[PDB]
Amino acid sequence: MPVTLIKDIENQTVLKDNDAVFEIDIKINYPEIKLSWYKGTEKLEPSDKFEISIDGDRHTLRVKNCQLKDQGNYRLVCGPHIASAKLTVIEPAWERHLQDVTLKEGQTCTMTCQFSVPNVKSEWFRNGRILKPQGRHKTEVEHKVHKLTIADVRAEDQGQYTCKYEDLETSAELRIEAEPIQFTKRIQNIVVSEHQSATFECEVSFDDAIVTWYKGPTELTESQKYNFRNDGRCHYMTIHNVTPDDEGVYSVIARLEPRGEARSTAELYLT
């Protein structure tokens, strides 16, 4: 037989800017027979892009600095034997991007993105500053998936989270919804005798809430008539010298950023 084939070429998948190597081991039994490499119609010749070499039965086509535009079929003819093989080139890139996530405080945050090359080393950033995997924050790479985990999220974790490989970034925002403020003890109706003082009292679920008190639609301010006291979660309004004009519906609105606000209503009566 004119030739004796031992291995043939195989498909090549390489990362962009790397070399690809197609090699065939073939014993040529008659000197006039030569192996030739082709890309489509062109017989390839040694150049800055293509290195062609021979070692005994081993013939090598090296494609230098592979680009996505180099992808396609590479083939050879060696007497009666012909063979073709495919070059695939992968550009490193973020295949699916970081997305915004919104969570309730206390939840576990999981943010993931997917790179085109598995097992690469990446760095995470919070608000532009590099993130170290400490304590509550953990970062991992699982094949192509890059994942940031933050346990027991609090409002202070809200911000920009970025994953970076070399100069390729993907980024998104983590937003945290704080537990809303509530009244743990609503104001309740009060009865006093005329000219006595009357003290409404309430309690909210968090300290240092800002309270505003009302009679009907009217905001009340500190005076000889209305005294206000706030102590941790408790809030009080005392109405001095209660007379019939002081009777009716009163309300309090408690506010604590970023936990919204809450409202409680009660009525004041004379005996």
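The first residue of the sequence shown is number 1, and the count goes up from there.
When the two stretches 63-71 and 44-52 are set side by side, the higher mean Cα temperature factor goes to 44-52. Taking only CA atoms, the mean B-factor in the PDB entry is higher for 27-35 than for the other of 27-35 and 218-226. In the deposited coordinates, the residue among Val101, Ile82, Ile150, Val89 with the greatest CA B-factor is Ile82. Between the residues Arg175, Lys164, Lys132, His97, it is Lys132 that shows the highest Cα B-factor in the PDB record. Compared with the other modelled residues of the chain, the Cα B-factor recorded for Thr271 ranks in the highest third. Sorting the modelled residues of the chain by their CA temperature factor places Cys109 in the lowest third. When the modelled residues of the chain are ordered by their C-alpha B factor, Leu256 lands in the lowest third. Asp157 sits in the lowest third of its chain by CA B factor, as recorded in the PDB entry.
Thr4 sits in the highest third of its chain by CA B factor, as recorded in the PDB entry.
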